[PDB]
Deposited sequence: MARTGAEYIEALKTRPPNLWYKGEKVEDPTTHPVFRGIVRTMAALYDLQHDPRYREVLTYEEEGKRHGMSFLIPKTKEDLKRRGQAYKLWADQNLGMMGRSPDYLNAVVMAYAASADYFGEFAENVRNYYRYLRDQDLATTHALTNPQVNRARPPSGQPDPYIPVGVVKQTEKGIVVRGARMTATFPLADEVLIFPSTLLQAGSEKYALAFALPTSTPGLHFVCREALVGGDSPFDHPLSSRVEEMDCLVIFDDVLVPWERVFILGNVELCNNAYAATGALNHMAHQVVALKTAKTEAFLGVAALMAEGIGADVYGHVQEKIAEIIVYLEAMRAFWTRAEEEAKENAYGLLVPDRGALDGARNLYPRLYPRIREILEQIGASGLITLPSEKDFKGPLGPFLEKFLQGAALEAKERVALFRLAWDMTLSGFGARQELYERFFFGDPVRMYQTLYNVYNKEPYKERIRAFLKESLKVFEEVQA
């Protein structure tokens, strides 16, 4: 298990090929746009060494101690242990961090347990997993193919340029990678692959510092460094990037899938990576929802709005959604079964329910906070104003029905950062699409779900109807 210092040191030593507004970022650990998330990720690693949480966040094996997200679960109890670790880590940042390492570690763990799926590349997969686990490295993954203005370069989407004796050379780009402050980047199956697209049907991993690999940043959403003024954006801004592959060399040892269309398309499901990564997500969203509930309750109480029935109802609505997610989480673990490779995977029915329902619930939970805070959310002064000449006046005029001025503004700055700041609004779009387009996700659910039992019950029930004709 790695410490925060080791993580920071590694990033400083071999920084990702990050670009911010046309310029290379030489040291993300100190750059104003990235130092916040770097310190936050480091704290997650440090927590693994806190005596209070050591047993929750790590497990001992043959003299070594590894992060819980690497644990290949053999029993439901193990599954529960993985869940508690997902939850503890998520709670540190109120469920705002969407690409913490444990999400992808769950994917690689599943890939490794189901390694046979990869055929000749099986050993590569098992060894990559051992590497990530032993070094306790942080990963990120690049998704989505770009479009081409059709109003003939074969390397727009990431593709194999040539295969040598040392590996493959890839060229192209992935539209987005969240949290590039990782040691590694996964280029796994993303956009559905059509027949004949073997040149793009590949899966591999690379150090984020690889020559020819470029991460181009979007506008920074860090509001500032003050925790009072920007309680969340000052520390949990993960960043999103365009990922460019300029004739990047991928060593054979890092190739997991090569030129196999169907293998790529079925990878996540077959290996159980889908199940485990969705397991991390449901625990993460439960944490996120608990945070919104807490803020909503404190806001209502703080301004005396809790006496209003409709406010009580909005808060109760959040409680209902929280219980829904907890329920999906419980059933996912309790109904877990082993897959074709012997890997115990949490129930897909329950996890599909959670990841397809939350994208609809989140915008409403966000709306609820907006409706409770109302106009009190857009005219919040800075800590600098409290510290300034007018400080006395602010303490006299910014009080809440049950809160002093500094307390009220601090709480409202948080509610604001959770919803209306650039950071807060991004969280909304992210929840709506992080697992994919709801339109495609729902069509996928429709096709995979076994509807036969319900259809049969109705046909049986209809026998009596058709009998009137005999």
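Residues of the deposited sequence lacking C-alpha coordinates, numbered from 1, fall in the stretches 1, 153 to 158, 478 to 481.
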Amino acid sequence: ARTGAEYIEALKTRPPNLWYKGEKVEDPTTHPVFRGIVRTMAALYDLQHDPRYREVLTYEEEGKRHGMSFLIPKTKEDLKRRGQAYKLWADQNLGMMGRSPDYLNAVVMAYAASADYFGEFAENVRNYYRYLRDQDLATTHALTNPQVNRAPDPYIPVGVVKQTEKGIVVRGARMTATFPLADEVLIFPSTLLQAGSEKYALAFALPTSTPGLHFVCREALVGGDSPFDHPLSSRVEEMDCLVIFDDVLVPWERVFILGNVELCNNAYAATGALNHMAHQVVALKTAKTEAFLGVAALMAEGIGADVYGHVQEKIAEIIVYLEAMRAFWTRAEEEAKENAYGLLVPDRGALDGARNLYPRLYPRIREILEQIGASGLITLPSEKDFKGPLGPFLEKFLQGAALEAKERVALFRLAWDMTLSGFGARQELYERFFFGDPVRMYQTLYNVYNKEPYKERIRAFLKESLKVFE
From here on, numbers count along this sequence of modelled residues.
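A summary of the deposited B-factors shows that, of 363 to 371 and 263 to 271, the stretch with the larger mean C-alpha value is 263 to 271. A summary of the deposited B-factors shows that, of 76 to 84 and 190 to 198, the stretch with the larger mean C-alpha value is 190 to 198. Reading the B-factor column for the CA atoms of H276, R331, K384, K288 in the entry, the top value corresponds to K384. Per the deposited record, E165 carries the highest C-alpha B-factor of all listed residues (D347, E165, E317, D91). The entry lists a Cα temperature factor for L357 that places it in the lowest third of the chain's modelled residues. Per-chain ranking of the deposited C-alpha B factor places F435 in the middle third. Per-chain ranking of the deposited C-alpha B factor places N339 in the middle third. Ranked within its chain, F423 lands in the lowest third, by CA B factor from the PDB record. In this PDB entry, the Cα temperature factor of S233 sits in the bottom third of its chain's modelled residues, the lowest group.
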